[PDB]
Protein chains: 4
Amino acid sequence: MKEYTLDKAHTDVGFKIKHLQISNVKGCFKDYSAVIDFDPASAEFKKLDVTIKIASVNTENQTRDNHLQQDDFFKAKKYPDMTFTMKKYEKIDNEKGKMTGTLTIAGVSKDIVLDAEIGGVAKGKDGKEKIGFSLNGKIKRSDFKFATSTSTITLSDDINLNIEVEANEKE
Amino acid sequence: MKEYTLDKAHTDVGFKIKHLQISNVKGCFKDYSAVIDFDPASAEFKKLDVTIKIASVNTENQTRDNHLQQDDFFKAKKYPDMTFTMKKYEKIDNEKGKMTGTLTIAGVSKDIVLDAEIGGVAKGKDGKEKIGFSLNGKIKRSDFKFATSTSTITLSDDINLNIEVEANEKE
Amino acid sequence: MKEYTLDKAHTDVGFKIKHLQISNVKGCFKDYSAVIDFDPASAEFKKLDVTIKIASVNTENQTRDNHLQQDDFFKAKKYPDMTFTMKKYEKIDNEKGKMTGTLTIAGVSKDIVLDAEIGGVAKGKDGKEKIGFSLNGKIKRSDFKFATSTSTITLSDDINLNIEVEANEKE
Amino acid sequence: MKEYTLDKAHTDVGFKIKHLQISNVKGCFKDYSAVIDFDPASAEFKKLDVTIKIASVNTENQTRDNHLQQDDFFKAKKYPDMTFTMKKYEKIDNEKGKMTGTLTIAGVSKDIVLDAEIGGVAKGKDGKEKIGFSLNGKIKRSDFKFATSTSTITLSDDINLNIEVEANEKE
């Protein structure tokens, strides 16, 4: 038997413990097209049709973006683009209305409601029109059989859409 | 009715989705004392008794460390220190043995097994002894009624102990 | 050395593994009062004020109901009842409208939107009026600092309200 | 405007909220073979080699068992059986020892340690030998690239082995 004294400098009294952390993935699409018909006399949308290139996704992370394109997500090879087609705008007042339309994600289509909020209608610098509005709403991955392999525990079943639009008149 | 064209520069086609991520909290204690009795003739521990100042915790994060001291964790005001007392060392070979002892966390005591691995026995520069060994083992929060408020989902019930020791002879 | 043969009848080749499962808690309140003013000429609500006795909760489970009354949830001793007060009904059509009101949970108050769906307006058997409608909407625990101790991982931050009402005229 | 009174009998003041629950899957295998060489003079194992038919899994649930056989788990078509081969038994005392061996799950092989606990050595009714022992240890899914598609959040990375054996002498 012999007695020792720790060398505190090369001793580590250590532990490891596993925890969960919840976080929002925020993202946009860099490339999309839209057709916008709007009547400032009555603050009603007449036609709103959007096409989004799945390829142009951006969640501030290079390799998750690539991963989004694969079979367990978008299947961008087979289904390059997602689309929204307005079917009905039901006015609440000049600032607010309920928009109903058909969303299509990887070939599966469902009708969704978005909350339209008109953040501002104007005549621009040059005397030609502008508008600024938002579309907001929650859709469920499950309604679109989207990313079915991934559990609703790991990744939320709810996707929150925030479409923020500025837009100028045509020709 | 009037037709518009998105201004892609001030338009954001955006989404938010919640996901979970698992991660290890790694930590040590900066301040502890120990008594170490070891027989290099037989590579057996004879006495190993450790006291750790809960206050000296470090998980590379200032405000979690403070939080660790509160009621839902250590209760460092009431129970300033955690202690380990060896009761039995059962040798496997010169490199390996099973250590049994009493761990006390916030006044609750349980007997635990650690896996002793002797990483090296030597005579130092000055002809006085040194040893380097590790103690490893898993303990359960639940066995110590520790952090009972926190679910075993958020934070794992299993804590992994890694004690890495270098140590020199006495007097 | 000696050779043995398993007795398959008293041998168990076993394993244990921990998994997570997501589930909806569904619940109602057995005891509440309400004041309902509604104009069948225009299908507009005029006044809707509800008081719910927290005590009368029911989630098909005896001991969770008790637990709901405690500090980490409702605090029913201090705050026996939750209340809803309509501030505005904005009509969409005769079947649908957006209801805005003040919800109060344990003394904290926030304005919420519910989706009113009029499932049917009638003159009853006896020539006196009836109506059947639903109020639906999502509120966030966090907006009401509700059950703050419980993580948004264990229990969802989103509560989904489904108020299903049948109701007859007065005097 | 007109005033109504709830019909409490056909009114439901309801809510839905999502929570997580952690649970142990307990399971065994109904069909396996083993070779057991053991020396009661010294309480040492000499050879222990086990083959388990993945097909014979049982987790008290019909359709999860089927699911276990598929690509995201066992791949029982390609890899019908898992195997354990003892490489070393290191004795602690007559009741306890550390067993090291090669586990093979779906063609991937790793060396694992089990804790042998001899629950009893005897001469049976007929004067022929019996033994009762347990093998216990934790293995990591990740070490065997097992069920890689499933997150370590949904399903724990740690599998706990409990092999409980009764066994009689040969010929």
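Data table
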| item | result |
| --- | --- |
| Filtered residues of segment C:1-19 (kept if more than 7 Å from every other protein chain (Cβ to nearest Cβ) and either in contact with a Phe, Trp or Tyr (Cβ under 9 Å, 6 or more places away or on another chain) or among the charged types (D, E, K, R) (or both)) | C:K8 |
| Candidates A:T102, A:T83, filtered to the one that is touching an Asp or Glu at 6+ places or on another chain (Cβ under 6 Å) and more than 9 Å from chain B (Cβ to nearest Cβ) | A:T102 |
| Filtered residues of segment C:1-23 (kept if of a type outside the set (A, V, I, L, M) and part of a strand (DSSP E or B)) | C:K2, C:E3, C:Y4, C:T5, C:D12, C:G14, C:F15, C:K16, C:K18, C:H19, C:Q21, C:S23 |
| B:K138, sole failed condition from (1) in contact with a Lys or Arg (Cβ under 9 Å, 6 or more places away or on another chain); (2) more than 19 Å from D:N24 (Cβ to Cβ) | (2) |
| Tally of residues being within 16 Å of the chain's Cα centre (by Cα) and either of a type in the set (S, T, N, Q) or within 7 Å of chain B (Cβ to nearest Cβ) (or both) across segment A:121-157 | 5 |
| Residue that is surrounded by the most Cβ atoms within 10 Å (Cβ to Cβ) [pool: residues in segment A:20-57 that are among the charged types (D, E, K, R) and at the interface with another protein chain (Cβ under 7 Å from one of its Cβ atoms)] | A:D37 |
| All strands (runs of 3 or more DSSP E) inside segment A:32-123 with 3 or more residues being of a type in the set (D, E, K, R) | A:44-53, A:81-91, A:108-123 |
| Segment C:158-167 - residue that is within 12 Å of the chain's Cα centre (by Cα) and not charged (D, E, K, R) and, of those, farthest from C:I36 (Cα to Cα) | C:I159 |
| Check on C:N61, more than 14 Å from chain D (Cβ to nearest Cβ), surrounded by fewer than 15 Cβ atoms within 10 Å (Cβ to Cβ), farther than 28 Å from A:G137 by Cα and under 18 Å from the mean Cα position of the chain (by Cα) | no |
| Every pair of residues 6+ apart whose Cβ atoms lie under 7 Å, when the first sits in segment B:69-92 and is without any contact (Cβ under 8 Å) to a residue 24 or more places away in the chain while the second is of a type in the set (K, R) | B:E90/B:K98; B:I92/B:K98; B:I92/D:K98 |
| Subset of segment B:110-124 (residues that are surrounded by fewer than 18 Cβ atoms within 10 Å (Cβ to Cβ) and in contact with a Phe, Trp or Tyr (Cβ under 9 Å, 6 or more places away or on another chain)) | B:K110, B:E117, B:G119, B:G120, B:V121 |
| Residue that is surrounded by the most Cβ atoms within 10 Å (Cβ to Cβ) [pool: residues in segment B:125-165 that are of a type in the set (D, E, K, R) and outside any strand (DSSP E or B)] | B:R141 |
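When we count neighbours, we look across all protein chains shown, and the Cβ atoms used for this are built from the backbone with ideal geometry, even at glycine. Each reported figure results from applying straightforward, stated rules to the coordinates on display, with no laboratory input.
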